[PDB]
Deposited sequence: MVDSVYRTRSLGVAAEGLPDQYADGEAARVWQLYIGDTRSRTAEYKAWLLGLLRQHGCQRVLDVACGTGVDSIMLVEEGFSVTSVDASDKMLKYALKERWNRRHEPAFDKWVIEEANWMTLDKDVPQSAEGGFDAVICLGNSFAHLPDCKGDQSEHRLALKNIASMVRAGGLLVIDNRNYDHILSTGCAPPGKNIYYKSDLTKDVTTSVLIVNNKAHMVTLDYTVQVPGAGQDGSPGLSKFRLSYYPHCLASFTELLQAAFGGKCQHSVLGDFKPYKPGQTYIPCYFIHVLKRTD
């Protein structure tokens, strides 16, 4: 005897967990990203312009910060996320700036990886599809095999029109697994000026890493966030497979070309594929 079904709202009632002490701290986290690094912007703009990208799909746009840059830089952006809770902030921003012609043109919609094909509006499909900030790692492997990772990837891939780009990244889980730590301050896209401590939890199921759970401490309060530990060799194969190997594929480590065995260990691997 819950008083309302899980997931139903009520006029003038806060949705189920809005008021919780973890939420009102999680919103500090979701919004401490207000400091794009110079090196990131220079790289992304550089790559999209080099390949002649005009219409861009930004998947898992979150508060839309990456999208907002693209809109400002002259691109034709549609931005999607599954989370209403975060999409709300992008939608807000668009609205304040609804008066600027670029922002009138900015398309923001709900979409889920698992049904991406039905969700997104376009015809032709995009010049580039970007999925940056390690968002793909959010997707759990509940099934057991990786049948959800395969389907999500093939849906994102399908968004890429012949000669177009998929630009997608993962935190260096190779390094994470071997040290057993996901330390703070390592975002290459946005730098935080927030002090944090992180507890790293690695879950190994039947001798295969299966989840990395981060317990953040940041006025002092706790939130939890969880990740699928994508290893470089494996993620690469997953990406190829989404295209049927009809793609060229290169690997960056922190925006610079990556060579197996190099001495510098990157915080993130960034995969750029062009559909052939």
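Q: Numbering from 1, run down the deposited sequence and write out every stretch that has no C-alpha in the structure.
A: Coordinates drop out over 1-5, 128-129, 226-236, 295.
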